[PDB]
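Asks: Once you've seen the sequence and the experimental structure below, I've got questions.
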Amino acid sequence: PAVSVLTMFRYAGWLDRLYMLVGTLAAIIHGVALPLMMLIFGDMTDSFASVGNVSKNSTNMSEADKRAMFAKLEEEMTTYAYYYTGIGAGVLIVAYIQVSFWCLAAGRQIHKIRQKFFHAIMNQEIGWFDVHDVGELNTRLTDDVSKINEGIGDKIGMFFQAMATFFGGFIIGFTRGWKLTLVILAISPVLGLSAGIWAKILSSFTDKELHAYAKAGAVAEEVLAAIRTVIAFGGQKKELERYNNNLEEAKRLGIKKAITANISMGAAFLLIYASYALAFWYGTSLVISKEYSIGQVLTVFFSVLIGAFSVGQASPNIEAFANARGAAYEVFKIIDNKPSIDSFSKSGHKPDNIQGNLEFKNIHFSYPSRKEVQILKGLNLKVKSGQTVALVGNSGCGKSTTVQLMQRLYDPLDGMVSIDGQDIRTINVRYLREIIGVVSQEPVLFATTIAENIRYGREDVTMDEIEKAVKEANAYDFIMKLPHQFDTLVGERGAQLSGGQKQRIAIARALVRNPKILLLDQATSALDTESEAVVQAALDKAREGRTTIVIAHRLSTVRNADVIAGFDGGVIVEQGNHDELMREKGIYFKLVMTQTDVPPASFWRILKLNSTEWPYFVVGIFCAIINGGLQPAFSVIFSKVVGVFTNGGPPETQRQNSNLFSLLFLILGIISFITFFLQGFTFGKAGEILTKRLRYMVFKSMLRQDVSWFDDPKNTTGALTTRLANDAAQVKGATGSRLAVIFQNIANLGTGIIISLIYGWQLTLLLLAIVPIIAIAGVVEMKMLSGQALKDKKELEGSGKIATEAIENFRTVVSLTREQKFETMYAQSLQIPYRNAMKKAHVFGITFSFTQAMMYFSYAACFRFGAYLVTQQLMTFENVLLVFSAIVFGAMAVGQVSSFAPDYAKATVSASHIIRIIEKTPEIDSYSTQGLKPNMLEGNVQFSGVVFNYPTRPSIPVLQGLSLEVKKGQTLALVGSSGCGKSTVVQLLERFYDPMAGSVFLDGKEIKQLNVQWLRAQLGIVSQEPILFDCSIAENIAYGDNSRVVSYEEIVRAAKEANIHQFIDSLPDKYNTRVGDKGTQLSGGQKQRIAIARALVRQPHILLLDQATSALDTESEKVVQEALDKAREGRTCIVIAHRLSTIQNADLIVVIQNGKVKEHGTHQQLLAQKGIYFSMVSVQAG
Ligand SMILES: Nc1ncnc2c1ncn2[C@@H]1O[C@H](COP(=O)(O)OP(=O)(O)OP(=O)(O)O)[C@@H](O)[C@H]1O
C-alpha cells in the first residue's frame, strides 16, 4: 500500500513549502536548458553550411573571399559562444538552487519525523508491543526513515527536471518542423514497448534463480551449523555431492539469464541504430528538397531524443518516490495512533496520602496475542494497607498478570481495580507508576554509568541520597570494591555484573523512586541460594512498612508472609496464613513438602580461475573489440553525412552519400546485435561455469578446514552461506566482463583517439585535456556522495543506539516512566546529523552545479576553438564533428559500458575472500589418505601430560599436565567442576584440535601418525543436542559408517540395540518417516537415542559420551540409560559424567580441577578418600 501524495508532505513548514517551490523553478529551467543547447547547435551548422560551400566550388576571390566569409563566421560564432556561456552561467546559479532547496526541505522534514516517530513508539500500549515484531520495528526507525529521505530530497528536483525536458524537448522538436518528429514518435512507442518487455523477462529469470539455488543453499546451511557432526562421522564427502547434485540447476538457469540479458542489450542497441537510419534517411530527404536546413534536422533529431530519453531517466526517481510513499505508510500509522492508556497525558487525579488499600473486583482478562482463551476469570482479592501478599499456584494462573494489571500495563475487560476506593483507570498513569516500584524477573541495566542507571528512577536526586539508597539496597560494599566506583560503566559495553549485583541495582533504583506500593515478579528465581540470601535481606529491608505484592518462587519467602493467596485456574481456591493452608492440606500443602576484511587480490590471479575456458575468452575479446569499434565508426558516419550538407558538394551526390552512410547505420546496427549476442554467449557461460566451479571448490575446501576455523566468530554458519552463495557468484564481473570492458574501452578510445588526431590534432589536445577534467568530476561526485554517506550515517548510530536501548527494554522504561528521557536523549543526539545535513545540501548544491557548468561552459570552449580552426582554413566543419562526436560520444560510451557492468571493486574483494577460503590448507587435513591404519583392534587409550588452549581465545589456559590411561574394555568417567577441560578430552581423541604439548597415544601409537578418518571412524560422538538431519531415518543413521553397502538387515539389528526398534515398528510410514522440521518433530529424548543408534552401527572399540541427557524427559532418561548400558557393554568407554548415578557403575573415575587430576579411582575408593569427589555426592543428599 501507499500514502496519498498530499498527506506525505505534512510536517513541511511554510519555509519548506517555499524551498520546494523555488527549487522546482530551478529544476524547470535546468530541464529546458539542454534543449536550448541543441537549438543553438542547429543554428550553428546553418552559419557554417551557408559559407561552407561558397569558398570551395567557385574561386571568385582569394583574399576578398577569405575576409568576407571568415569575418562573418568570426562574428557569428561570437554570438553562439556568448549564447552557450549564458546557459552555463544560468545553470551554475540554477543547479545550485535546485538541489540546495530540495535536500534542505527534505532534511528539515526528516528531523521533524524522527522525533515524532520515536515519541509515537514510546507512547504506545504494552499490548501494542505484544502483537508486533520488535526486531523489524527498530530497523524501521532508521531504514524506513532512510527510505523516505530519498523520495523527498533531490530525487524530486531531478524529476521535475526530466518532465520539463520531456515537454520542453517535444515542444522544440515540433515547432522546428513536424514531419521529422512524428516519424520518431511513431517509433518511440516501439522502444518504450521494447524497454519494458525485457524487464519483465529479466525479472522472470531472477526469482526463478533464487529458488534454484535455494535447494543447494539449504544443504549448505544445514552442514555448516552441523559441522561438529559431519567431521566426527567423516561425511565430509557425502555432503559435497548433495550440495553439488543440486548445483547444476542454478547453472542452466543462470545461462538463460546470461544470454537473454545480452539479447536485451543488443536488441535495444539495434533499435537505436535502426531508428537512427530511419530518422536520418528520412531527415536527409527533407533537406535535399530544401524544406529543412541541416541545422533544423540536427536540432529536432537531438531535441526529440533528449526529451524522449527523459522518461527513462525519470523511471527510478518515481520508483524512489513511490517507495517513499510506501515506507511512509507503516510509519505515519503509528504517529496518528493514540492509546487508551496514554503514558504522556495529564488527565487523571493525583491523589495524596495514599495508604495502599488494594482491591481486585471480578477481574477477567485476556491477552491480545491469544485472545481465544481467557487467562483470568472472576478473580477477587483485597490486600490491606502495609500487608504483604504472596501469590502461589501452578504455571499459567496469571500471577504476573496480576502485577501487570496493577502497573496498568493492560486494561482488564470485566471488573474493576481500585486503589483507596478509586478506580486505577481514573488516576494519571505517571502518578500511578511513580507510586509503584517494579522489581522485574530479570533486571535491565542500561549502558550508562551506575549513577545514571540509578538516577533513571528520578532524574533530580542528589548524590547524598544515592549513597543512602545503595546502602539500604545492600549494594554499597560491592560498589566500594569496584575500580571506578559510582562512575563505573555498566551495561553491554562495560564490566559484566553478577546476577546478584544487577538485581540490587534494580532495588536501589526502586528505593530512589520511594514508592508507596511495591511489586515484585520473581525477584529471585535464577539466583542461587547464596546470591538469593543477600537480595532477600535487602528486599525485606525495602518492604518494611510498604504494601507489597510478591510473585514468590522460594518457599522461605512465602512462610514469613502475612497472607497467602492460592490461585488455580484464575480462581482463588483458598486464602489464609501459612498455617491455615498447611492445615487445609490442599494445593499449597503439596507444593511446600515435595520441594523440601581488506585483501588485495590481483586482477591476474582472479583471471586464472576461468583459465580452463580460454576459447570462450578469445571470442569474447574479439567481439569486445568490434563492439568497441562500432562507436567511432558511427562518429564518422554521422560526420560524413553532415559533412556533405556543411562542407560543399553537388546535389547529384547528396543522394548516394547520405543513403549509403544512412544505411551504414544498419550495417553497424546489425553488427551491434551480433557482437552482443556472441559476447554474452561466450563470456556468459564463462561466468556461469565459474560460479558453479568455485562453489564446489569452496565448499570442498570448507569441509577440509579443522574445527578451530568453524569456532572463530567470523566464520559463522551464515556468513559462510553468504560467502558460498553470492560472493562465489560475484567474481564473474572481474574475469571476462573486465576484459570485455577494457577491450571495448581500448577499441573505442584507442581507434577514436587515432582518427581525431589525423583529421585535426589541435582540437583533440584540447578535448583530451578537458576530458580529464570532466571525467574526474563524475568520480568525486560518486565519491563524495558516498564518502558523505558514511559520515551522516555514522553520526546516526549513536542516535540509533539510544533508541535501540529504549525499545529493547520497553517494558522496563515504561515502568520507570522515563519515556520522555530517552526521547530527549534521542533528540539531543540527532542535532549533529541535522546541522551536517544542512551543510550537505550546500555541498551537493555545488558538486551538481559545477558538473553541469563545466560541461555547458566546456561545450563553448570546444565549438569556439573548433570554429576558429575553420576561419583559418586549418580544418573543415565536417572534421570538427568528426573530432567532437568521436571523442565525446565515444567517451560517453565507456560510461554507458562501465555503469552497466558489475561493480568491479565490489567484485574483486568479493573474489579475494573466495581465494582465501580455497587456498587455505588446514592443520588437520581430513581429506588426506596417509596414516597407519593397522589391524590392531585393542584400543588402549592414553593421555600423557596433554596441554591445550583454545585458539579462539588462547589467552584462557584450560589444561596443565593431564596424564591418564584407559584400559581396554573399561569405562572411564570424567568429573569435576564446570569447565571445558572435561569436554576437551573428547575433542582431542577425535583430533578436532592438536595439543600444544604432551602426547595423546592410541594403542601405543601417536594419533598425529594415524589417518584422521581411521582415528575418527572408530570413535563415536554422542553430542549434547544431537543433530538430526532433514532426511530419511536410513540416511541420518547411515551418516555413521559412510561409503558402505548397508542393507535392511544391518539397519534393524542396530535399532534393536539402541532400544528403539519396538517403538519404530508401530509408527506410520515406519522406517520411511521423514524426520526434521517438515516431518514429525521428535522429543529431546528420542533424538539422543538416534545418536546412540548411529554409534552402534559403526561398532567402534571406543565410545565417547559427552554431556548426554541434556533434556528433562523423565521416562526417556531411564530409557536412554538402559540403551546406554547396552551400548557400552564390553567396550572401552569414555563418559563425560554430570549425573552422579552414571558415575557409580563406572570402572574408573577421574576428578579434574583446573587442568589437574586431583584424584582418581573406583567409586568406593574416591568416597573413602573423602576429598573432592566426596563433596559432590554429599551435596545432593541433604
Ligand atoms: N508476550 C505475551 N503475549 C501474550 N501472552 C503472554 C505473553 N507472555 C505471557 N503470556 C500469557 O500469560 C499467561 C499466564 O502466564 P504467567 O505470566 O501468569 O505465568 P507465571 O504465573 O509467571 O508462571 P512462571 O512464574 O512460572 O513464569 C499465559 O497463559 C501466557 O499465554
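Replies: Yes, it's here. Numbers count the residues shown, from 1 in each chain.
Asks: residues near the residue in the stretch 901-1050 of the chain positioned nearest to the ligand, how many?
Replies: Proximity of the stretch 901-1050 of the chain to the ligand (C-beta to the nearest ligand atom) peaks at residue 1025, 23.5 Å away. For the C-beta atoms, the positions are set from N, CA and C on the backbone; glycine is no exception. Neighbour count of residue 1025, defined by other C-beta atoms under 10 Å: 12.
Asks: Does the residue lying closest to it once chain neighbours are set aside fall in a helix, a strand, or a coil region?
Replies: Counting by C-beta to C-beta, 6 or more residues apart in numbering, residue 1110 is the residue found nearest to residue 1025 once chain neighbours are left out, at 6.4 Å. Under DSSP: H, G, I helix; E, B strand; the rest coil, residue 1110 falls in the coil class.
Asks: Residue 1022 is in contact with residue 1110, correct?
Replies: No: at 10.5 Å, residue 1110 does not count as touching residue 1022 under the criterion of C-beta atoms under 8 Å.
Asks: the more surrounded of these two?
Replies: Between residue 1110 and residue 1022, residue 1022 has the larger neighbour count (other C-beta under 10 Å), namely 24 against 13.
Asks: contacting residues around the more buried one?
Replies: 1088, 1091-1092, 1095, 1103-1106, 1108 (C-beta atoms under 8 Å, 6 or more residues apart in numbering).
Asks: what bridges to it?
Replies: Here residue 1022 sits in beta bridges with residue 1105, going by DSSP bridges.
Asks: rewinding a little: roughly how far apart are the residue of the stretch 901-1050 of the chain closest to the ligand and residue 1098?
Replies: 20 Å (C-beta to C-beta, to the nearest Å).
Asks: on that earlier part again, and the residue nearest to residue 1025, what is it in contact with?
Replies: 1024-1025, 1084.
Asks: Next, work out how far apart it and residue 1088 are.
Replies: 8 Å.
Asks: With residue 813 instead?
Replies: 42 Å.
Asks: who's more crowded, those two?
Replies: Ranked by neighbour count (other C-beta under 10 Å), residue 813 and residue 1088 place residue 1088 first, with 28 against 22.
Asks: looking at this, the more buried one is in a helix?
Replies: Yes: judged by three-state DSSP, residue 1088 forms part of a helix.
Asks: just to revisit the earlier point, and the contacts of residue 1110, which is closest to residue 93?
Replies: Set against residue 93, the nearest of the contacts of residue 1110 by C-beta to C-beta is residue 1025 (69.1 Å).
Asks: any idea what that closest one is structurally, helix, strand or coil?
Replies: Assignment for residue 1025 (three-state DSSP): coil.
Asks: so what's the backbone phi/psi at it?
Replies: Note on residue 1025: backbone dihedrals following degrees, to the nearest 10 are phi -100, psi 90.
Asks: and the gap between it and residue 229?
Replies: Taken as C-beta to C-beta, the span from residue 1025 to residue 229 is 10 Å.
Asks: The residue in the stretch 801-950 of the chain that the ligand sits nearest to: what's it in contact with?
Replies: For the stretch 801-950 of the chain, the residue closest to the ligand is residue 811, as judged by C-beta to the nearest ligand atom, at 9.5 Å. Contacts for residue 811 were tallied using C-beta under 8 Å, 6+ apart; they are 126, 129, 409, 440.
Asks: Dump these into JSON lines; add distance to residue 685 as well.
Replies: Listed next are those as JSON lines, based on distance: C-beta to C-beta, whole Å:
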{"residue": "126", "distance to residue 685": "58"}
{"residue": "129", "distance to residue 685": "52"}
{"residue": "409", "distance to residue 685": "62"}
{"residue": "440", "distance to residue 685": "61"}
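Asks: Quick check: the farthest pair among those?
Replies: 129 and 440 (15.1 Å).
Asks: quick one: what helix or strand has the residue lying closest to residue 111 once chain neighbours are set aside in it?
Replies: Spatial nearest neighbour of residue 111, chain neighbours left out: residue 834 (4.9 Å); criterion: C-beta to C-beta, 6+ apart. Applying DSSP states H and E as the criterion places residue 834 in helix 819-871.
Asks: Mind checking what helix or strand follows that helix in sequence?
Replies: With DSSP H and E, the next secondary element past helix 819-871 is helix 877-898.
Asks: so what secondary structure elements neighbour that following helix?
Replies: With contacts taken as 3 or more C-beta pairs under 8 Å, 6 or more residues apart in numbering; DSSP states H and E, helix 877-898 sits against helix 14-52, helix 614-647, helix 737-759, helix 761-807, helix 819-871.
Asks: and it, C-alpha only, in PDB?
Replies: Extracted C-alpha coordinates of helix 877-898, given in PDB (Å, rounded to 0.1, in the frame of the first residue of the first chain):
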ATOM      1  CA  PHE A 877      33.300  21.900 -40.200                       C
ATOM      2  CA  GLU A 878      32.900  18.200 -41.000                       C
ATOM      3  CA  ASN A 879      36.200  17.400 -39.300                       C
ATOM      4  CA  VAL A 880      35.000  19.300 -36.200                       C
ATOM      5  CA  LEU A 881      32.000  16.900 -35.900                       C
ATOM      6  CA  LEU A 882      34.400  14.000 -36.700                       C
ATOM      7  CA  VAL A 883      36.500  15.100 -33.700                       C
ATOM      8  CA  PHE A 884      33.700  16.100 -31.300                       C
ATOM      9  CA  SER A 885      31.400  13.200 -31.800                       C
ATOM     10  CA  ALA A 886      34.400  10.800 -31.900                       C
ATOM     11  CA  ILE A 887      35.700  11.800 -28.500                       C
ATOM     12  CA  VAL A 888      32.500  12.800 -26.700                       C
ATOM     13  CA  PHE A 889      30.100  10.200 -28.000                       C
ATOM     14  CA  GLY A 890      33.000   7.700 -27.500                       C
ATOM     15  CA  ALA A 891      33.900   9.000 -24.000                       C
ATOM     16  CA  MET A 892      30.200   8.700 -23.200                       C
ATOM     17  CA  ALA A 893      30.300   5.100 -24.400                       C
ATOM     18  CA  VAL A 894      32.700   3.900 -21.700                       C
ATOM     19  CA  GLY A 895      30.400   5.300 -19.100                       C
ATOM     20  CA  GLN A 896      27.400   3.600 -20.700                       C
ATOM     21  CA  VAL A 897      29.600   0.500 -20.500                       C
ATOM     22  CA  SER A 898      31.200   0.900 -17.100                       C
END
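Asks: Could I get the buried residue list for it?
Replies: Within helix 877-898, the residues scored as buried using 16 or more other C-beta atoms under 10 Å are 877-891, 893-894, 897.
Asks: Perfect, I'm done here.
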